[PDB]
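Quick setup: one chain, the form deposited in one PDB entry, written in structure tokens, and binding and motion questions come after.
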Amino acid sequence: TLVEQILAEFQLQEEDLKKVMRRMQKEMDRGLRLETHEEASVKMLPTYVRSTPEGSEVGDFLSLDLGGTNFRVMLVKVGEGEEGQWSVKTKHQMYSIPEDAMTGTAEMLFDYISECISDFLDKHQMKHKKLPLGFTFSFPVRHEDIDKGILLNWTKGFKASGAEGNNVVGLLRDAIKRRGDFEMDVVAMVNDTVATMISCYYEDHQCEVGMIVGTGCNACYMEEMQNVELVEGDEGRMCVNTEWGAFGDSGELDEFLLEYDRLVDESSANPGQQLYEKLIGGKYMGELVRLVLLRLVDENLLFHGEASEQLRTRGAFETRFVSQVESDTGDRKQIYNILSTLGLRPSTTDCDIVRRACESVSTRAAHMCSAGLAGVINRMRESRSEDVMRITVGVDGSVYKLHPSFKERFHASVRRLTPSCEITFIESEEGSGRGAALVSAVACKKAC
């Protein structure tokens, strides 16, 4: 119980989740009104992807995806069926992000990006062509239009100087020119939440919410145009990027933050920001575990009180270990190897404690996240003359997909919070690429 006392600190009662759900809703409304949208912590950014688009433009599209740990380029083909349009990656390539590209300037960053875009073009002989280009850019962006928007501020640990405040699309072009090598008509720029949602629409027309639970955590949904005061118009709906990871940046989660959350924040690339996200995102889950474990050793309750050289370095405990650890079948071999690589020699109980620590952190994350999704869905519910509102959520992200239990804990908790709601979850198969192309294919029947 001495360990169960420390770990019990991560528990959240149904009432605590509802409070969180109700609070996220209050912030979503604030970010949407002209009078508070400026100091609102949940930005609720208009994305410009609209309810009923004019018509697609079949053909091959080039799609970029920047925001993960691996910048990606891919060719996707858009066609047309009864449903709507279809899409499919046909060629793809991943490129590791250098240290010199992350510390320098956005200039150098997009230059490196420019290269990868060309290297991809060589290998697949197509540099001579100029196709529409969809840009899935995973950061908060204030759009002026589907193909224009400024970077409000990096998240998840990106530093590139002189990037904030400027046009992302522009900078992308300002680099394609410093090449001449090729030409690309950068038609659309979208958030990964949105791309994921869009990619599932053609499969399920009821899909009006996109959610990402990976290195970061965020969501997007279809809002009634008249509620999007920041954008002229009251007819139809517009997708809105909630950027809910910034939830709590105004002190809305202070009564729930633990000493570990404070430490993780104090040592992050963006102290004081993306707090809600730092409770769920895989960029932090492992680190949350490392801090929990370390406390356990300093209270002489784990590893005899001796922490490895690696167990004491930041980021040493990767989020993928949390997953693996929670997959151990009971024979502890998985848990033992993980810790062994970390320079520890755990006992049977040491392994069961580490196991319990992970379940506590990932379970908190699954529940906290469930509060946000419920917040989004209940808000949408408050605009629908139906008994049972059926809605589909397009989802993507390592944590949500690869963590052995997150998915179930999360679903159960979301359903408890959403009465009269029939939620359906679909996982996106290549949601970014296919998502950008599908959007670009609609903005293209306007710019081409």
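Throughout, we count residues from 1 along the sequence that is shown. C-alpha atoms forming the largest set that superposes within 1.5 Å between two forms make up the rigid core.
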Exercise for the section: Compare the other PDB entries of this protein and indicate whether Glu299 is left unmodelled in at least a third of them. Expected result: no
Exercise for the section: Would you please confirm whether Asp352 lacks atomic coordinates in a third or more of the other entries that were compared? Expected result: no
Exercise for the section: Decide which of the stretches 154-162 and 372-380 has the higher mean C-alpha B-factor, going by the entry. Expected result: 154-162
Practice task
Between 214-222 and 319-327, name whichever shows the higher mean Cα B factor according to the PDB entry.
Solution key: 319-327
Handout entry: Identity of residue with top Cα B-factor, from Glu277, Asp352, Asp234, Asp254
Key = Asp234
Exercise for the section: Sort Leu291, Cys200, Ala106, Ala366 by C-alpha B-factor from the entry and give me just the highest. Expected result: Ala106
Handout entry: Modelled-residue ranking by C-alpha temperature factor, third containing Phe110
Key = highest
Practice task
Divide the modelled residues of the chain into thirds by Cα B-factor and specify which third, lowest, middle or highest, holds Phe139.
Solution key: lowest
Problem - CA B-factor ranking of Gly81, expressed as a third of its chain - result: highest
Handout entry: Relative C-alpha B-factor of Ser41, binned into the chain's lowest, middle or highest third
Key = lowest
Practice task
Please rank the C-alpha B-factors of the chain's modelled residues and tell me whether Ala101 sits in the lowest, middle or highest third.
Solution key: highest
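One more form of this protein exists, namely the form deposited in another entry; it is left out here, but the text below deals with it.
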Handout entry: Core-superposed comparison between the shown form and the other one: the option from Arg415, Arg384, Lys26, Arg390 whose CA moves 2 angstroms or more
Key = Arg384
